[PDB]
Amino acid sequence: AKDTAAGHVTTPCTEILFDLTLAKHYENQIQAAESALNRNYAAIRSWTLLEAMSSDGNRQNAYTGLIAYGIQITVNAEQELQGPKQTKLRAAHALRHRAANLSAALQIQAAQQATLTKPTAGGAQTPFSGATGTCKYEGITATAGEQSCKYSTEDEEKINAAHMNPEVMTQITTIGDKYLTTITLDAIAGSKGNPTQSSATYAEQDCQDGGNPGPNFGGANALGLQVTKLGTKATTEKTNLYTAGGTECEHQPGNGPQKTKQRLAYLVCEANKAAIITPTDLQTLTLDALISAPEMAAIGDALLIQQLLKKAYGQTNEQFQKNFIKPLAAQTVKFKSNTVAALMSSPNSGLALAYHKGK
């Protein structure tokens, strides 16, 4: 189904959640690819130690073949990751920036009740040069308590990385810009009698004199105003990621001024298109994956073709695991103690290699 996550964005808080969840999805895709590279480099260090520890030329050549394979695919994958990584990080950064902006706006747009100050009475004065009474208030303020976004179980289910694979995303939903830019308020003035500069009894936060000044314009003459509410209403808007044909990103930059929603849509589209390719996980390699790997044809030809690969690595995956995979975790190495893979990722890694290459 398309757009489950964006179609649940109906409020400032749900846009925030979408933006941060999608940013974290892109960041997690990069972290997962880098973790995979680091696992592969760890495997290569482990096989380098095992090569140094074997005395059989054919077993040594087999380890060399796994080192060579590993270096080739992992160096390549690390190079190929960089473009998608930068694309995805540009979008993650922008999404986090937007979510920050919107959260800050939310706090201000929650300031919906005003505190009046004590006014000063006058007669005619700017901007009412024709008035006989004025009541002037300076520094009326509105502030809210600390706001927070509260999410339901379903909000977190629907606005979730599980719904943010590229094949399902066609649009983003954003709050209209006026929520970010505009202060909105209602206000009312009230008059009784003949208010003038002498209406200087201010106990009710208005200007009164005559009679018995008091609550609800008790006095003979009164003038006042109240700001009865503030706050701009949020609206939502939809922006397509792709052009009509569905391939190309809409909202490419450089074609004229753009709105926030259009810049975000472009970045999201490009980050969705920039798919990451992860290489094989060397630490869990199977025999069939090794001998079917395209890079192993030339590597095998150089060191030893699929017939030759089985002779070196095993006729069964059981044999392959036994000889080339299980030793990473289970084989202890002691000299003057740790298992192969942990040792070759530890502070003694290089020394372990020097020691066994020397012995």
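Residue numbers here begin at 1 and follow the sequence given.
Problem - Absent coordinates between residue 336 and residue 337 - deposited residues affected, binned into four classes - result: Per the deposited record, the segment joining residue 336 and residue 337 lacks coordinates for 4 to 9 residues.
Exercise for the section: Might you work out how many residues are unmodelled in the deposited sequence between residue 304 and residue 305, and answer none, 1 to 3, 4 to 9, or 10 or more? Expected result: According to the record, 10 or more deposited residues lack coordinates from residue 304 to residue 305.
Problem - Between the two ranges 20 to 28 and 337 to 345, the one averaging a larger CA B factor in the entry - result: Of 20 to 28 and 337 to 345, the stretch with the higher C-alpha B-factor average is 337 to 345.
Exercise for the section: Would you tell me which stretch averages the higher CA B-factor in the PDB entry, 6 to 14 or 347 to 355? Expected result: Looking at the recorded C-alpha B-factors, 347 to 355 comes out higher on average.
Exercise for the section: Using the temperature factors in the entry, find which of 240, 212, 82, 107 has the highest value at its Cα atom. Expected result: Across 240, 212, 82, 107, the entry lists the biggest C-alpha B-factor for 212.
Handout entry: Selection from 66, 42, 33, 52 [criterion: highest C-alpha temperature factor in the record]
Key = So the option with the highest C-alpha B-factor is 52.
Exercise for the section: Among all modelled residues of this chain, ranked by Cα B factor, put residue 288 in the bottom, middle or top third, i.e. lowest, middle or highest. Expected result: Its C-alpha B-factor belongs to the highest third of this chain's values.
Practice task
Place residue 198 in the lowest, middle or highest third of its chain's C-alpha B-factors, as listed in the PDB entry.
Solution key: As the PDB entry reports it, the C-alpha B-factor of residue 198 lands in the highest third of its chain.
Practice task
Give the position of residue 216 by CA B-factor within its chain, expressed as the lowest, middle or highest third.
Solution key: Residue 216: CA B-factor falls in the highest third of its chain.
Problem - residue 190 by Cα B-factor - lowest, middle or highest third of the modelled chain - result: Residue 190: CA B-factor falls in the middle third of its chain.
Exercise for the section: Just say lowest, middle or highest third for the CA B-factor of residue 176 relative to the other modelled residues in its chain. Expected result: Its C-alpha B-factor, which the entry lists for residue 176, ranks in the lowest third among residues of this chain.
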